[PDB]
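Shown here is one chain on its own, the form solved without adenosine-5'-diphosphate (ADP), set out as structure tokens.
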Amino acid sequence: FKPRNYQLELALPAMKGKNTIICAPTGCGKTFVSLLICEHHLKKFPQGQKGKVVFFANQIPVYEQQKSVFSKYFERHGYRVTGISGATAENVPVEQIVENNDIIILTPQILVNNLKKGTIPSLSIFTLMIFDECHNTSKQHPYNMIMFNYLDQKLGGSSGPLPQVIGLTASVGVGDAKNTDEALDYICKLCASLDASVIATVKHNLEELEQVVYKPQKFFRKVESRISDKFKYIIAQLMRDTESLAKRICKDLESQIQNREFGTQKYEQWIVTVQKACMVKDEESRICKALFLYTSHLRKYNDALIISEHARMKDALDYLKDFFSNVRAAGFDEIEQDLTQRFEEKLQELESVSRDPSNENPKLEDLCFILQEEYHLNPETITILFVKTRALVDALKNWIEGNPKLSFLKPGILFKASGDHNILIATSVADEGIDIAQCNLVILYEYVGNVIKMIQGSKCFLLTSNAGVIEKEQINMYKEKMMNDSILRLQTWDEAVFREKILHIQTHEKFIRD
């Protein structure tokens, strides 16, 4: 297990002996870095001198894993490594064990009990302390409980030798701060808590790190419906009429699905239920046939409304034309003739509103521009496009093929199985099961399907009509943003000015504690 460059970059300040917070992505080897720090530390002591290191785990699985890892690596090197946990043997008191072993894995609460008990008189016996998930060091957490003791001795000095402190965290957090400046102060509060003079992030080996941990940056984009949608207006009336016919012959149409809206997949479910009921005397038989015919047409309208919503009206209108060409292929019902003629009356108008340039879908214009922009950056890009329905898969594919501004794309329905298509349009079943995506770019086009996972500059675009989710992500990105900058700005300060700022807070925090 060769150390990665970014890992060595993180370890260095700690190896040079500064109290450090190591802030890096989950799964990038932060604990492994603490191990490198542990190894470097224990070698520093001259003959007849032993170091003593404590590792703090926040949860039992981390404790178990680190207990195994540290013992295997270090018992070989002649050090005595033990892990002591809540499920203690309860017979051997902890101090004998801390005296007996050079390296200890510790759930933080066990130590706290012993300090109050006085079995462990001081924190001085440790030479190195490591806090996994060190962001927890606040608000009367055991970490903080431990760190207070550290601080009292240091500040009320009268100070014995104190151990180096290392904190591991994926995120320092930013708390309640509504401002970058407020955000900075919070971060310093944590730094004061862990007596850290250095925050270590990977600046130099960002490229290498990104290979080890695979995160494609997520982009959330609001999308808007047409201000004026006459196409929806016309179709809904057709749907209203067809329902009115269906309602007349069946007194109690209401069937287990509520508040169906035109153009919704929920409406699709309602249709299916009603058809199911039909699948189950002349009059009873005749009515069953009529409903089935109606719901079948209502379903087609509903499909067309959904196409119109996320693609061109032309795509939606075309979809209706084929169906109504398809109905003619079969022997013409007397009823189908009527339904077909009712559609034919409104057609000329539908064509008119469909041709209008001003009637164009905003959502399509947004999608198009993102594709243009991204493929401009990287022609090599391969994209998977997730859409609401199968009918939409066909609409969007036709749209890309006929769009001269999207000539660079060659659309394919449905990795990589196929090299020749650089974009693929797909839709998937809504399940508890999750789909997996292997591509540079993922676009979620109003997609409510079961969640997606991305697999080896990659990005995912989430386009939604929901204001609430967009607002939430905007807050999150802001908070992230606040955190990095403040972190970046803190690294700017000299350690001497920085140390000053940290001391003041510990001093103030010690008195309120007093």
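From 1 onward, residues are counted along the sequence shown. Think of the rigid core as the biggest set of C-alphas that the two forms share within 1.5 Å after superposition.
- In the deposited entry, the stretch joining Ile436 to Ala437 is continuous, with no residue of the deposited sequence left without coordinates.
- In this entry, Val280 and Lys281 are separated by 4 to 9 residues of the deposited sequence that lack coordinates.
- According to the PDB record, 505-513 carries the higher mean C-alpha B-factor of the two stretches 505-513 and 4-12.
- Comparing 313-321 with 208-216, the higher mean C-alpha B-factor in the PDB entry belongs to 208-216.
- Residue-level inspection of the entry shows that, of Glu360, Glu243, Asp185, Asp338, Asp185 has the top Cα B-factor.
- Take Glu39, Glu446, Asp485, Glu473 and read off each C-alpha B-factor from the entry; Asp485 has the highest.
- Ranked by Cα temperature factor within the chain, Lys52 sits in the lowest third according to the deposited record.
- For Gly412, the recorded CA temperature factor ranks within the middle third of the chain's modelled residues.
- When all modelled residues of the chain are sorted by CA temperature factor, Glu254 is found within the highest third.
- Among all modelled residues in this chain, the alpha-carbon of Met145 has a temperature factor (C-alpha) in the highest third.
- In this PDB entry, the Cα temperature factor of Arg221 sits in the bottom third of its chain's modelled residues, the lowest group.
A second form of this protein, the form solved in complex with adenosine-5'-diphosphate (ADP), is not displayed here; the remarks below concern that form.
- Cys28 belongs to the set of residues with a heavy atom inside 4.5 Å of adenosine-5'-diphosphate (ADP) in the bound PDB entry.
- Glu75 falls outside the set of residues with a heavy atom inside 4.5 Å of adenosine-5'-diphosphate (ADP) in the bound PDB entry.
- In the bound PDB entry, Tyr478 stays away from adenosine-5'-diphosphate (ADP), with no heavy atom inside 4.5 Å.
- Proximity of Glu95 to adenosine-5'-diphosphate (ADP) in the bound PDB entry: non-hydrogen atoms within 4.5 Å are absent; the residue sits far from the partner.
- Only one of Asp435, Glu243, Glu336, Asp229 lies close to adenosine-5'-diphosphate (ADP) in the bound PDB entry, with a heavy atom inside 4.5 Å, and it is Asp435.
- If you check adenosine-5'-diphosphate (ADP) in the bound PDB entry, you find a heavy atom from every one of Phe1, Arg4 and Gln7 within 4.5 Å.
- The stretch in contact with adenosine-5'-diphosphate (ADP) in the bound PDB entry, judged by heavy atoms within 4.5 Å, is 28-36, chosen from 464-472, 480-488, 28-36, 41-49.
- Considering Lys139, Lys178, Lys116, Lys247, one residue stands apart with a C-alpha shift of at least 2 Å between the shown form and the other one following superposition on the core, and it is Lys247.
- If you fit the rigid core between the shown form and the other one, you'll see the Cα of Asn149 move by less than 2 angstroms.
- Once both forms are fitted on their rigid core, the CA atom of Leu463 lies 2 Å or more apart between the shown form and the other one.
- Superposition on the rigid core between the shown form and the other one places the CA atom of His376 2 Å or more away from its counterpart.
- Between the C-alpha atoms of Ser171 and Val451, a gap narrowed by no less than 3 Å is obtained in the bound PDB entry, as opposed to the form on display.
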